[PDB]
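In this analysis, Cβ positions are derived from the backbone assuming ideal geometry, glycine residues included, and neighbour counts consider all displayed protein chains. No value in this document is a laboratory result; all are computed from the given coordinates.
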2 protein chains.
Amino acid sequence: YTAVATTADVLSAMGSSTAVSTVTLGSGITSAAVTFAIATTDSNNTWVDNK
Amino acid sequence: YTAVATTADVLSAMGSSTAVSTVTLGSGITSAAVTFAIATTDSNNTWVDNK
């Protein structure tokens, strides 16, 4: 009642990278981010929310 | 004629990759580092002085 809880189900849905591209290719104010290389040898990449 | 002149040139005479490996392996008290990825995935590797 001070620290907040959450129920979570790992649906494993949304898995197809084609759907991931489409949803991240057009949203509202959703500024996403991807780390897409070696943990030693990477950074983060955001985008414009709407496209 | 008081301060020594400098005629610095880009020689690249140390260009051999195996040569660079040897110099970075048998170096003295050094802190040589490698940048080996593009800026979105860039990283720096820092290793011991002579190993």
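Selection over the range B:29-51 of residues that are away from chain A (no Cβ under 14 Å) and outside any loop (DSSP other than H, G, I, E, B) gives a count of 0.
Scanning chain B for residues that are in contact with a strand residue (DSSP E or B) (Cβ under 8 Å, 6 or more places away or on another chain) and of a type outside the set (A, V, I, L, M, F, W, C), we see that the one that is nearest to A:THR46 (Cα to Cα) is B:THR40.
Here is the figure for the range A:1-28: residues that are among the polar types (S, T, N, Q) and not in a loop (DSSP other than H, G, I, E, B) total 5.
Going residue by residue through the range B:4-16, is there one that turns out to be within 13 Å of the chain's Cα centre (by Cα) and either among the charged types (D, E, K, R) or surrounded by 11 or more Cβ atoms within 10 Å (Cβ to Cβ) (or both)?
Yes, there is a match, as at least one residue in the range B:4-16 is within 13 Å of the chain's Cα centre (by Cα) and either among the charged types (D, E, K, R) or surrounded by 11 or more Cβ atoms within 10 Å (Cβ to Cβ) (or both).
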